[PDB]
Amino acid sequence: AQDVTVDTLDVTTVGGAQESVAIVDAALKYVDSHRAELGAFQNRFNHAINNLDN
Amino acid sequence: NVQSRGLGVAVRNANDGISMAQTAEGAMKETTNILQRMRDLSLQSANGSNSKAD
């Protein structure tokens, strides 16, 4: 098992490219997951404004 | 006179009872709005189109 990340993502041979596409998918999934978490946070407080206004 | 002052604090009191009812009713609007959002969103996830990540 070797730990690789986007910073260590290197594509100079064809094999490296096949690693990169998988690595980017993991990074994109993580980014999207936290985007949803921030979106849920946004969708919590917008109900808090009009609640506290009531 | 005793009765007249009695209704003086009685109209104040019944207004207070109204105020606490509508303060609760104000937050009542938000909780039902939250419930509507959960139900509509759970209906969205009920499909097989979205994968486990969604």
# chains A, B, ... in the order shown; residues from 1 in each chain; ligands from 1
call {"tool": "interface_residues", "arguments": {"of": "chain B", "to": "chain A", "cutoff": "10 Å", "atoms": "only C-alpha atoms", "output": "number ranges by chain"}}
result
B: 22-31, 33-34, 37, 53-54
call {"tool": "select_by_dssp", "arguments": {"residues": "chain B", "states": "alpha helix (DSSP H)", "output": "PyMOL selection string"}}
result
chain B and resi 2-45
call {"tool": "residues_around", "arguments": {"residues": "residue 6 of chain A", "least_positions_apart": "5", "cutoff": "9 Å", "atoms": "only C-alpha atoms", "output": "PDB file with N, CA, C and O atoms, in the first residue's frame"}}
result
ATOM      1  N   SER A  20      -3.907   8.979 -11.955  1.00  0.00           N
ATOM      2  CA  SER A  20      -4.362  10.347 -11.729  1.00  0.00           C
ATOM      3  C   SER A  20      -5.878  10.463 -11.820  1.00  0.00           C
ATOM      4  O   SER A  20      -6.501  11.147 -11.002  1.00  0.00           O
ATOM      5  N   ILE A  23      -7.328   9.221  -8.705  1.00  0.00           N
ATOM      6  CA  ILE A  23      -7.023  10.107  -7.584  1.00  0.00           C
ATOM      7  C   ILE A  23      -7.913  11.342  -7.623  1.00  0.00           C
ATOM      8  O   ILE A  23      -8.441  11.778  -6.593  1.00  0.00           O
ATOM      9  N   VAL A  24      -8.095  11.921  -8.810  1.00  0.00           N
ATOM     10  CA  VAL A  24      -8.913  13.121  -8.935  1.00  0.00           C
ATOM     11  C   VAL A  24     -10.361  12.823  -8.569  1.00  0.00           C
ATOM     12  O   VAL A  24     -11.047  13.658  -7.972  1.00  0.00           O
ATOM     13  N   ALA A  27     -10.574  12.972  -4.873  1.00  0.00           N
ATOM     14  CA  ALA A  27     -10.523  14.356  -4.415  1.00  0.00           C
ATOM     15  C   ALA A  27     -11.822  15.088  -4.724  1.00  0.00           C
ATOM     16  O   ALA A  27     -12.319  15.862  -3.898  1.00  0.00           O
TER      17      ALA A  27
END
